[PDB]
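S.K.: below: the sequence, then the experimentally determined structure.
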Amino acid sequence: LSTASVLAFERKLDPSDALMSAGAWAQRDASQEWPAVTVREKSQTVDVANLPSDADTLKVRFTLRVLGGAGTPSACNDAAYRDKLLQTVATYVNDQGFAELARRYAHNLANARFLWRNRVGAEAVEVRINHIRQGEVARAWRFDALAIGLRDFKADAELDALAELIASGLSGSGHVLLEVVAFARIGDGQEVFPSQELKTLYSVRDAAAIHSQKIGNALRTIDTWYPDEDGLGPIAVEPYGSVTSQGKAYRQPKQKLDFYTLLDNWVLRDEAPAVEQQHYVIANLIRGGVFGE
Amino acid sequence: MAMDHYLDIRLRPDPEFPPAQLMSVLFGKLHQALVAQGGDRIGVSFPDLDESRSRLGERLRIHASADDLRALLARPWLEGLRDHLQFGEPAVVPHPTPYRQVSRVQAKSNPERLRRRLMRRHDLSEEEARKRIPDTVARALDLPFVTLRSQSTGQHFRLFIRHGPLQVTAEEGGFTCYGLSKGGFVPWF
């Protein structure tokens, strides 16, 4: 028995591109037919864009995708590695429910964790999120990012139903399809910050959008068992986790809490890393990657 | 050093912004509150920096009073940095206190500023404009600050600023709108 030369896991909660678009207030209930944002360049030769004078508003558009049953992998060379991984993933599944992941997903849905740099000097944040079965909606919400503070995980009354819904989702108890969209308060004639590639702001044609990976990052700020200091707040979940913005890389490999050794121990020889590590382990199994030899 | 308004505060960690990624927001959400809101009995200091290390922000250091800076603990104008920062309240200062030197001034490093001035003042163009214009006198004021990207581009522009000496005597009154000492001995506790 040894490691796995090839591994391939499949992603969960994938969003679309979050196009920006504008409007006004008290027409936010008539936002099926609404305008968009513009892209222009000024004097080097770089891009910079701007809202009009009629609008403090900015708008977000994306929708989500759970799959269910994320323990079972899709690429290996050892059949015995599957026969040693099945007991571990079933052991984590059967003894406890997945709602601890689900609160920490669904409050980032509820807060402005995805509106990262859309509240650098804002005043009133209002987000509206839909649960879409078919051509209409049947379980509607409208959430707030002022209430739950952006570094703690303290739950409210809206959060448990969405948590048990998404925990039915990623565990295989029913496919869910969220649509998470937002309405902003920016500034009457204010500069925008969309994405880029590897200056040119990343311009979808006749609009402005940010890619899939930024929101697929933003909705999994689940690492708050990283070792050094836990008063700071949630950062996302990465094997060999390095972050540019806070600079210092959490969870170094020269001491034993990185993913590539706790996976070895938790999976194979059935000895357990901590219960203050488990939801980080299964969040790594949610993310996916090439975990080889 | 007659005022006794020392309000200390710490930082908060966030993953969606570097030091400039909140420093430009601080430059956006401090100047208008010190201009459109205003208050000559309110400002800031810079007593915890360094030259080579480039320490621009490391703790709460403000200058307020019982009424002018007394709205710095019930202010919803600085709401939003609850994922990246916090604040405090003023405390009783002692008799012998220090006073550091700072300046929120504008440094200029234009080697072709003579050409852009002579385009409306002299008519000397860029062809013969290299005879006596300042080719290297417009130096840069390298220092650590935030990267405020105006309409000229989205890149992070350097925040030039000059530090100052340390004197035992003080000078109470009014400073510039940015809090840097334009004649007044700034605070450094």
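M.R.: Arrived safely, thanks for sending. Residues are numbered from 1 along each chain as shown, chains lettered A, B, ... in the order given.
S.K.: ok, the residue sitting nearest the centre point of chain B to residue A:121 distance?
M.R.: Relative to the mean C-alpha position of chain B, the nearest C-alpha, by C-alpha atoms, centre = their mean, is the one of residue B:104, at 4.5 Å. The gap separating residue B:104 from residue A:121 is 20 Å, by C-beta to C-beta, to the nearest Å. From N, CA and C alone the C-beta is placed, and that goes for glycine too.
S.K.: same check, this time on residue A:172
M.R.: 43 Å.
S.K.: hang on, the earlier thing: dump the residue contacts of the residue nearest to the centre of chain B.
M.R.: Residues counted as contacts of residue B:104 (C-beta atoms under 8 Å, 6 or more residues apart in numbering or on different chains) are B:161, B:176, B:177, B:178, B:179, B:180.
S.K.: near chain B, which residues of the stretch 1-150 of chain A?
M.R.: Residues of the stretch 1-150 of chain A lying near chain B by C-beta under 8 Å from any C-beta of the partner chain: A:42-44, A:46-48, A:116-117, A:119-123, A:149-150.
S.K.: out of those, which are buried?
M.R.: A:47, A:48, A:116, A:119, A:120, A:121, A:122, A:150 (16 or more other C-beta atoms under 10 Å in any protein chain shown).
S.K.: which of these fall within strands?
M.R.: In this view, those that belong to strands under DSSP state E are residue A:47.
S.K.: what is the nearest of the buried ones among the residues of the stretch 1-150 of chain A next to chain B to residue A:289?
M.R.: When these are ranked by distance to residue A:289 (C-beta to C-beta), residue A:116 comes first, at 23.1 Å.
S.K.: list the contacts of that closest one.
M.R.: Residue A:116 makes contact with A:214, A:218, B:16, B:17, according to C-beta under 8 Å, 6+ apart.
S.K.: most centrally placed residue in chain A?
M.R.: Centre-nearest of chain A using C-alpha atoms, centre = their mean is residue A:219, 1.8 Å out.
S.K.: count the neighbours of residue A:57 for me.
M.R.: Number of residues near residue A:57 (other C-beta atoms under 10 Å in any protein chain shown) recorded here: 19.
S.K.: OK, now which residue of the stretch 151-293 of chain A is nearest to chain B?
M.R.: residue A:232 (3.5 Å; C-beta to the nearest C-beta).
S.K.: re the thing from before, so which two of the residues of the stretch 1-150 of chain A next to chain B are the farthest from each other?
M.R.: Longest span within the residues of the stretch 1-150 of chain A next to chain B, C-beta to C-beta: A:43 and A:149, 41.6 Å.
S.K.: longest single helix anywhere in chain B?
M.R.: Across chain B, the longest stretch assigned as helix under DSSP state H is helix B:19-31.
S.K.: quick one: it near chain A?
M.R.: Yes: contact of helix B:19-31 with chain A (C-beta under 8 Å from any C-beta) involves B:21, B:22, B:24, B:25, B:28, B:29.
S.K.: dump the buried ones among the residues of the stretch 1-150 of chain A next to chain B into TSV; add distance to residue A:98 as well.
M.R.: What follows is these, written out as TSV (distance: C-beta to C-beta, whole Å):
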residue	distance to residue A:98
A:47	42
A:48	43
A:116	26
A:119	29
A:120	33
A:121	37
A:122	33
A:150	23
